[PDB]
$ cat coords-v7.pdb   # PDB, C-alpha atoms
MODEL        1
ATOM      1  CA  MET B   1      13.870  27.988  -6.571  1.00  0.00           C
ATOM      2  CA  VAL B   2      13.898  24.901  -8.764  1.00  0.00           C
ATOM      3  CA  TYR B   3      10.395  23.652  -9.478  1.00  0.00           C
ATOM      4  CA  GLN B   4       9.673  19.953  -9.548  1.00  0.00           C
ATOM      5  CA  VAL B   5       7.793  18.920 -12.689  1.00  0.00           C
ATOM      6  CA  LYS B   6       4.955  16.622 -11.684  1.00  0.00           C
ATOM      7  CA  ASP B   7       3.971  15.216 -15.077  1.00  0.00           C
ATOM      8  CA  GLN B   8       3.766  15.789 -18.814  1.00  0.00           C
ATOM      9  CA  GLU B   9       1.058  18.327 -18.607  1.00  0.00           C
ATOM     10  CA  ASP B  10       2.607  20.075 -15.632  1.00  0.00           C
ATOM     11  CA  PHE B  11       5.719  20.312 -17.764  1.00  0.00           C
ATOM     12  CA  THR B  12       3.785  22.017 -20.521  1.00  0.00           C
ATOM     13  CA  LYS B  13       2.122  24.421 -18.075  1.00  0.00           C
ATOM     14  CA  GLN B  14       5.496  25.557 -16.762  1.00  0.00           C
ATOM     15  CA  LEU B  15       6.797  25.884 -20.307  1.00  0.00           C
ATOM     16  CA  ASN B  16       3.941  28.111 -21.361  1.00  0.00           C
ATOM     17  CA  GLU B  17       4.005  29.894 -18.081  1.00  0.00           C
ATOM     18  CA  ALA B  18       7.620  30.867 -18.781  1.00  0.00           C
ATOM     19  CA  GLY B  19       6.767  33.440 -21.411  1.00  0.00           C
ATOM     20  CA  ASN B  20       9.831  34.433 -23.371  1.00  0.00           C
ATOM     21  CA  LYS B  21      12.218  33.368 -20.601  1.00  0.00           C
ATOM     22  CA  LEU B  22      14.830  30.672 -21.023  1.00  0.00           C
ATOM     23  CA  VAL B  23      13.870  27.440 -19.305  1.00  0.00           C
ATOM     24  CA  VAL B  24      16.539  25.132 -17.923  1.00  0.00           C
ATOM     25  CA  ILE B  25      15.460  21.602 -17.102  1.00  0.00           C
ATOM     26  CA  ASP B  26      17.467  19.310 -14.856  1.00  0.00           C
ATOM     27  CA  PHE B  27      16.773  15.681 -15.597  1.00  0.00           C
ATOM     28  CA  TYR B  28      17.935  13.806 -12.534  1.00  0.00           C
ATOM     29  CA  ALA B  29      17.632  10.895 -10.174  1.00  0.00           C
ATOM     30  CA  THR B  30      17.829  10.843  -6.393  1.00  0.00           C
ATOM     31  CA  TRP B  31      20.356   8.016  -6.486  1.00  0.00           C
ATOM     32  CA  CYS B  32      22.778   9.694  -8.862  1.00  0.00           C
ATOM     33  CA  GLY B  33      25.872  11.219  -7.301  1.00  0.00           C
ATOM     34  CA  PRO B  34      26.566  13.932  -9.868  1.00  0.00           C
ATOM     35  CA  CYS B  35      22.905  14.987  -9.672  1.00  0.00           C
ATOM     36  CA  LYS B  36      23.096  15.507  -5.903  1.00  0.00           C
ATOM     37  CA  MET B  37      26.378  17.375  -6.256  1.00  0.00           C
ATOM     38  CA  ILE B  38      25.109  19.931  -8.720  1.00  0.00           C
ATOM     39  CA  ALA B  39      21.584  20.423  -7.358  1.00  0.00           C
ATOM     40  CA  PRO B  40      22.584  23.032  -4.713  1.00  0.00           C
ATOM     41  CA  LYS B  41      24.422  25.059  -7.365  1.00  0.00           C
ATOM     42  CA  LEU B  42      21.399  24.986  -9.655  1.00  0.00           C
ATOM     43  CA  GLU B  43      19.279  26.044  -6.674  1.00  0.00           C
ATOM     44  CA  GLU B  44      21.565  28.986  -5.983  1.00  0.00           C
ATOM     45  CA  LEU B  45      21.610  30.007  -9.662  1.00  0.00           C
ATOM     46  CA  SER B  46      17.829  29.865  -9.692  1.00  0.00           C
ATOM     47  CA  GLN B  47      17.464  32.117  -6.672  1.00  0.00           C
ATOM     48  CA  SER B  48      19.599  34.689  -8.463  1.00  0.00           C
ATOM     49  CA  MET B  49      18.381  34.585 -12.028  1.00  0.00           C
ATOM     50  CA  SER B  50      14.756  35.736 -12.045  1.00  0.00           C
ATOM     51  CA  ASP B  51      14.810  36.110 -15.808  1.00  0.00           C
ATOM     52  CA  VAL B  52      15.262  32.362 -16.204  1.00  0.00           C
ATOM     53  CA  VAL B  53      12.992  29.450 -15.292  1.00  0.00           C
ATOM     54  CA  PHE B  54      14.573  26.531 -13.526  1.00  0.00           C
ATOM     55  CA  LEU B  55      12.861  23.170 -13.542  1.00  0.00           C
ATOM     56  CA  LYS B  56      13.701  19.627 -12.604  1.00  0.00           C
ATOM     57  CA  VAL B  57      12.409  16.230 -13.609  1.00  0.00           C
ATOM     58  CA  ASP B  58      12.936  13.118 -11.502  1.00  0.00           C
ATOM     59  CA  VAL B  59      13.462  10.442 -14.118  1.00  0.00           C
ATOM     60  CA  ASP B  60      12.240   7.608 -11.885  1.00  0.00           C
ATOM     61  CA  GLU B  61       8.998   9.437 -11.143  1.00  0.00           C
ATOM     62  CA  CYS B  62       8.544  10.888 -14.625  1.00  0.00           C
ATOM     63  CA  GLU B  63       9.733   8.044 -16.799  1.00  0.00           C
ATOM     64  CA  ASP B  64       7.570   9.168 -19.704  1.00  0.00           C
ATOM     65  CA  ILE B  65       9.107  12.653 -19.751  1.00  0.00           C
ATOM     66  CA  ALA B  66      12.573  11.147 -19.593  1.00  0.00           C
ATOM     67  CA  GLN B  67      11.801   8.949 -22.566  1.00  0.00           C
ATOM     68  CA  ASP B  68      10.236  11.801 -24.513  1.00  0.00           C
ATOM     69  CA  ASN B  69      13.476  13.698 -24.137  1.00  0.00           C
ATOM     70  CA  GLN B  70      15.916  10.955 -25.071  1.00  0.00           C
ATOM     71  CA  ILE B  71      17.710  11.094 -21.687  1.00  0.00           C
ATOM     72  CA  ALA B  72      20.541   8.638 -21.192  1.00  0.00           C
ATOM     73  CA  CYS B  73      22.911  10.308 -18.717  1.00  0.00           C
ATOM     74  CA  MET B  74      22.137  12.142 -15.470  1.00  0.00           C
ATOM     75  CA  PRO B  75      22.105  14.976 -14.824  1.00  0.00           C
ATOM     76  CA  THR B  76      20.983  16.199 -18.219  1.00  0.00           C
ATOM     77  CA  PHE B  77      20.243  19.897 -18.579  1.00  0.00           C
ATOM     78  CA  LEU B  78      17.795  20.823 -21.300  1.00  0.00           C
ATOM     79  CA  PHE B  79      17.655  24.417 -22.492  1.00  0.00           C
ATOM     80  CA  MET B  80      14.362  25.683 -23.865  1.00  0.00           C
ATOM     81  CA  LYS B  81      12.643  28.896 -24.895  1.00  0.00           C
ATOM     82  CA  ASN B  82       9.081  29.325 -26.195  1.00  0.00           C
ATOM     83  CA  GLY B  83       8.725  25.537 -26.397  1.00  0.00           C
ATOM     84  CA  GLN B  84      11.819  25.218 -28.557  1.00  0.00           C
ATOM     85  CA  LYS B  85      14.929  23.237 -27.696  1.00  0.00           C
ATOM     86  CA  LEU B  86      18.107  25.327 -27.825  1.00  0.00           C
ATOM     87  CA  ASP B  87      20.721  23.110 -26.324  1.00  0.00           C
ATOM     88  CA  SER B  88      21.403  20.169 -24.085  1.00  0.00           C
ATOM     89  CA  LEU B  89      24.179  19.384 -21.647  1.00  0.00           C
ATOM     90  CA  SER B  90      25.043  15.926 -20.467  1.00  0.00           C
ATOM     91  CA  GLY B  91      26.863  15.843 -17.183  1.00  0.00           C
ATOM     92  CA  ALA B  92      27.453  18.066 -14.214  1.00  0.00           C
ATOM     93  CA  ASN B  93      29.788  20.630 -15.708  1.00  0.00           C
ATOM     94  CA  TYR B  94      29.023  23.861 -13.884  1.00  0.00           C
ATOM     95  CA  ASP B  95      31.036  26.042 -16.234  1.00  0.00           C
ATOM     96  CA  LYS B  96      29.292  24.682 -19.305  1.00  0.00           C
ATOM     97  CA  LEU B  97      25.902  25.157 -17.645  1.00  0.00           C
ATOM     98  CA  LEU B  98      26.754  28.824 -16.992  1.00  0.00           C
ATOM     99  CA  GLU B  99      27.993  29.271 -20.601  1.00  0.00           C
ATOM    100  CA  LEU B 100      24.855  27.791 -21.999  1.00  0.00           C
ATOM    101  CA  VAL B 101      22.711  29.892 -19.732  1.00  0.00           C
ATOM    102  CA  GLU B 102      24.747  32.967 -20.725  1.00  0.00           C
ATOM    103  CA  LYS B 103      24.287  32.145 -24.386  1.00  0.00           C
ATOM    104  CA  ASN B 104      20.596  31.391 -24.280  1.00  0.00           C
ATOM    105  CA  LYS B 105      19.100  33.693 -21.649  1.00  0.00           C
TER     106      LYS B 105
ATOM    107  CA  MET K   1      18.837 -15.514 -21.645  1.00  0.00           C
ATOM    108  CA  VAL K   2      19.319 -12.413 -19.486  1.00  0.00           C
ATOM    109  CA  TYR K   3      17.937 -12.540 -16.002  1.00  0.00           C
ATOM    110  CA  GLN K   4      16.616  -9.392 -14.297  1.00  0.00           C
ATOM    111  CA  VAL K   5      18.105  -8.922 -10.845  1.00  0.00           C
ATOM    112  CA  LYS K   6      15.196  -8.357  -8.453  1.00  0.00           C
ATOM    113  CA  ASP K   7      17.034  -6.907  -5.462  1.00  0.00           C
ATOM    114  CA  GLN K   8      20.344  -6.895  -3.597  1.00  0.00           C
ATOM    115  CA  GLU K   9      19.946 -10.409  -2.245  1.00  0.00           C
ATOM    116  CA  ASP K  10      19.050 -11.690  -5.664  1.00  0.00           C
ATOM    117  CA  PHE K  11      22.139  -9.984  -7.084  1.00  0.00           C
ATOM    118  CA  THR K  12      24.295 -11.934  -4.636  1.00  0.00           C
ATOM    119  CA  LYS K  13      22.352 -15.043  -5.628  1.00  0.00           C
ATOM    120  CA  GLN K  14      23.148 -14.624  -9.277  1.00  0.00           C
ATOM    121  CA  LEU K  15      26.799 -13.771  -8.585  1.00  0.00           C
ATOM    122  CA  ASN K  16      27.071 -17.043  -6.711  1.00  0.00           C
ATOM    123  CA  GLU K  17      25.115 -18.930  -9.373  1.00  0.00           C
ATOM    124  CA  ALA K  18      27.519 -17.693 -11.989  1.00  0.00           C
ATOM    125  CA  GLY K  19      30.341 -19.681 -10.440  1.00  0.00           C
ATOM    126  CA  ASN K  20      33.691 -18.838 -11.971  1.00  0.00           C
ATOM    127  CA  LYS K  21      31.995 -17.404 -15.071  1.00  0.00           C
ATOM    128  CA  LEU K  22      32.456 -13.823 -16.145  1.00  0.00           C
ATOM    129  CA  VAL K  23      29.345 -11.839 -15.318  1.00  0.00           C
ATOM    130  CA  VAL K  24      28.073  -8.976 -17.437  1.00  0.00           C
ATOM    131  CA  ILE K  25      25.534  -6.757 -15.734  1.00  0.00           C
ATOM    132  CA  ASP K  26      23.517  -4.276 -17.798  1.00  0.00           C
ATOM    133  CA  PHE K  27      22.254  -1.342 -15.776  1.00  0.00           C
ATOM    134  CA  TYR K  28      19.339  -0.049 -17.827  1.00  0.00           C
ATOM    135  CA  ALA K  29      16.105   1.877 -17.873  1.00  0.00           C
ATOM    136  CA  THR K  30      12.906   1.151 -19.796  1.00  0.00           C
ATOM    137  CA  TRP K  31      12.795   4.748 -20.913  1.00  0.00           C
ATOM    138  CA  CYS K  32      16.330   4.795 -22.245  1.00  0.00           C
ATOM    139  CA  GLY K  33      16.500   4.393 -26.009  1.00  0.00           C
ATOM    140  CA  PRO K  34      20.072   3.068 -26.341  1.00  0.00           C
ATOM    141  CA  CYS K  35      19.219   0.492 -23.677  1.00  0.00           C
ATOM    142  CA  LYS K  36      16.310  -0.808 -25.796  1.00  0.00           C
ATOM    143  CA  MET K  37      18.421  -1.025 -28.904  1.00  0.00           C
ATOM    144  CA  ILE K  38      21.277  -3.054 -27.508  1.00  0.00           C
ATOM    145  CA  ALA K  39      19.214  -5.461 -25.384  1.00  0.00           C
ATOM    146  CA  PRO K  40      18.442  -7.929 -28.224  1.00  0.00           C
ATOM    147  CA  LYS K  41      22.158  -8.027 -28.968  1.00  0.00           C
ATOM    148  CA  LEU K  42      22.707  -8.943 -25.346  1.00  0.00           C
ATOM    149  CA  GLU K  43      20.046 -11.634 -25.382  1.00  0.00           C
ATOM    150  CA  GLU K  44      21.802 -12.933 -28.476  1.00  0.00           C
ATOM    151  CA  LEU K  45      25.200 -12.995 -26.729  1.00  0.00           C
ATOM    152  CA  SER K  46      23.662 -14.590 -23.664  1.00  0.00           C
ATOM    153  CA  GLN K  47      22.123 -17.208 -25.909  1.00  0.00           C
ATOM    154  CA  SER K  48      25.470 -17.886 -27.596  1.00  0.00           C
ATOM    155  CA  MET K  49      28.178 -17.466 -24.953  1.00  0.00           C
ATOM    156  CA  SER K  50      28.016 -20.365 -22.512  1.00  0.00           C
ATOM    157  CA  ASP K  51      31.075 -19.228 -20.556  1.00  0.00           C
ATOM    158  CA  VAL K  52      29.533 -15.870 -19.662  1.00  0.00           C
ATOM    159  CA  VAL K  53      26.545 -14.941 -17.527  1.00  0.00           C
ATOM    160  CA  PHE K  54      24.443 -11.976 -18.554  1.00  0.00           C
ATOM    161  CA  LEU K  55      22.337 -10.065 -16.057  1.00  0.00           C
ATOM    162  CA  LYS K  56      20.353  -6.842 -16.057  1.00  0.00           C
ATOM    163  CA  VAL K  57      19.353  -4.271 -13.491  1.00  0.00           C
ATOM    164  CA  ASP K  58      16.519  -1.825 -13.958  1.00  0.00           C
ATOM    165  CA  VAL K  59      17.749   1.328 -12.289  1.00  0.00           C
ATOM    166  CA  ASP K  60      14.193   2.508 -11.607  1.00  0.00           C
ATOM    167  CA  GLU K  61      13.356  -0.779  -9.943  1.00  0.00           C
ATOM    168  CA  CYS K  62      16.658  -1.235  -8.150  1.00  0.00           C
ATOM    169  CA  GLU K  63      17.635   2.318  -7.227  1.00  0.00           C
ATOM    170  CA  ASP K  64      19.765   1.069  -4.338  1.00  0.00           C
ATOM    171  CA  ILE K  65      21.892  -1.119  -6.589  1.00  0.00           C
ATOM    172  CA  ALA K  66      22.179   1.718  -9.065  1.00  0.00           C
ATOM    173  CA  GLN K  67      23.511   3.970  -6.312  1.00  0.00           C
ATOM    174  CA  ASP K  68      25.895   1.314  -5.077  1.00  0.00           C
ATOM    175  CA  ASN K  69      27.324   1.069  -8.534  1.00  0.00           C
ATOM    176  CA  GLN K  70      27.628   4.803  -9.179  1.00  0.00           C
ATOM    177  CA  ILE K  71      25.460   4.570 -12.301  1.00  0.00           C
ATOM    178  CA  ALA K  72      25.050   7.822 -14.185  1.00  0.00           C
ATOM    179  CA  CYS K  73      24.518   6.798 -17.783  1.00  0.00           C
ATOM    180  CA  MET K  74      22.524   3.962 -19.344  1.00  0.00           C
ATOM    181  CA  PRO K  75      23.304   1.435 -20.450  1.00  0.00           C
ATOM    182  CA  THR K  76      26.202   0.874 -18.080  1.00  0.00           C
ATOM    183  CA  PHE K  77      27.807  -2.577 -18.142  1.00  0.00           C
ATOM    184  CA  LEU K  78      29.547  -3.972 -15.097  1.00  0.00           C
ATOM    185  CA  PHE K  79      32.051  -6.781 -15.503  1.00  0.00           C
ATOM    186  CA  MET K  80      32.453  -9.170 -12.559  1.00  0.00           C
ATOM    187  CA  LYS K  81      34.155 -12.501 -11.941  1.00  0.00           C
ATOM    188  CA  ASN K  82      34.255 -14.344  -8.598  1.00  0.00           C
ATOM    189  CA  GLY K  83      32.640 -11.414  -6.849  1.00  0.00           C
ATOM    190  CA  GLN K  84      35.270  -8.989  -8.053  1.00  0.00           C
ATOM    191  CA  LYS K  85      34.820  -5.987 -10.358  1.00  0.00           C
ATOM    192  CA  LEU K  86      37.028  -6.215 -13.394  1.00  0.00           C
ATOM    193  CA  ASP K  87      35.750  -3.480 -15.681  1.00  0.00           C
ATOM    194  CA  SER K  88      32.853  -1.144 -16.523  1.00  0.00           C
ATOM    195  CA  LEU K  89      31.498   0.393 -19.719  1.00  0.00           C
ATOM    196  CA  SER K  90      29.297   3.439 -20.062  1.00  0.00           C
ATOM    197  CA  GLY K  91      26.988   3.516 -23.045  1.00  0.00           C
ATOM    198  CA  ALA K  92      25.809   1.204 -25.746  1.00  0.00           C
ATOM    199  CA  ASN K  93      29.165   0.414 -27.357  1.00  0.00           C
ATOM    200  CA  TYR K  94      28.829  -3.162 -28.544  1.00  0.00           C
ATOM    201  CA  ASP K  95      32.354  -3.569 -29.838  1.00  0.00           C
ATOM    202  CA  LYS K  96      33.984  -2.362 -26.644  1.00  0.00           C
ATOM    203  CA  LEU K  97      31.551  -4.470 -24.661  1.00  0.00           C
ATOM    204  CA  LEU K  98      32.578  -7.434 -26.761  1.00  0.00           C
ATOM    205  CA  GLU K  99      36.266  -6.595 -26.353  1.00  0.00           C
ATOM    206  CA  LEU K 100      35.864  -6.546 -22.563  1.00  0.00           C
ATOM    207  CA  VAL K 101      33.978  -9.807 -22.638  1.00  0.00           C
ATOM    208  CA  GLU K 102      36.662 -11.536 -24.684  1.00  0.00           C
ATOM    209  CA  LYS K 103      39.280  -9.941 -22.453  1.00  0.00           C
ATOM    210  CA  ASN K 104      37.840 -11.033 -19.129  1.00  0.00           C
ATOM    211  CA  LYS K 105      36.059 -14.285 -19.865  1.00  0.00           C
TER     212      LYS K 105
ENDMDL
END

$ encode --input "coords-v7.pdb" --output "structure tokens"
Amino acid sequence: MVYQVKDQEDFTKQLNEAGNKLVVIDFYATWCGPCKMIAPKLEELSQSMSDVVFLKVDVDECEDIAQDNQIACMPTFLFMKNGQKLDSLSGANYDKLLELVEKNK
Amino acid sequence: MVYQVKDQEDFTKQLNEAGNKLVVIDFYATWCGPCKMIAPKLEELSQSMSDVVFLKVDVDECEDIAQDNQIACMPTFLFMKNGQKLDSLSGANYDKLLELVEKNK
């Protein structure tokens, strides 16, 4: 499952909820082609990988979060662990997403 | 000065208003840093280039137009003349933007 971050504080709840697990955050918009195209693959990955937390942020609904994270392209995948930023991936490159997961999990 | 396209009808309105002039449309978001930084430069160009029309589209406010234009990064600059698309530019690259303006105007 990919959880939908509601707001800043809901973001920070999920982050602290995640324990020591890698968190992957998909910054997206409903109107963005590449976002729609990769979302099912992220969903599938999330159903498999129980040792990783998958989250998503709708940039139009959570404009503040998008700004806080210096988002300029969609989708942007942010990789976090224990509140720390590990990596970031701009674009819908499935192989790079898997690499980055593999590296950071 | 750079006019903010309100909706799809208004977009058509501005395209018609522009006449034969090259039109530069800045697809932006209020939360996007690079968008904020280049916007004064655009106002400046708008103010100085009488043979070019500058417009802007807030992707959060005009999600339909964003989708129609396959926007994925901001800022994204669309170049139109007489209703026709001539060129596009992804990102806040002023020099390229300027090169495409001089090229198409």

$ calpha_fit_rmsd --input "coords-v7.pdb" --fixed "chain B" --moving "chain K"
0.4 Å

$ resolve_selection --input "coords-v7.pdb" --expression "the ChimeraX specification (/K :<7) & /B" --output "ChimeraX atom specification"
/B:31-33,60,63-64,66-67,70-74

$ axis_aligned_box --input "coords-v7.pdb" --around "stretch 2-20 of chain B" --padding-each-side "8 Å" --output "AutoDock Vina command-line options"
--center_x 7.5 --center_y 24.8 --center_z -16.1 --size_x 28.8 --size_y 35.2 --size_z 30.6

$ closest_residue --input "coords-v7.pdb" --among "K:100, K:95, K:11, K:105" --to "residue K:50" --atoms "all atoms listed in the file"
K:105

$ atom_distance --input "coords-v7.pdb" --atom1 "atom CA of residue K:38" --atom2 "atom CA of residue K:10"
23.6 Å
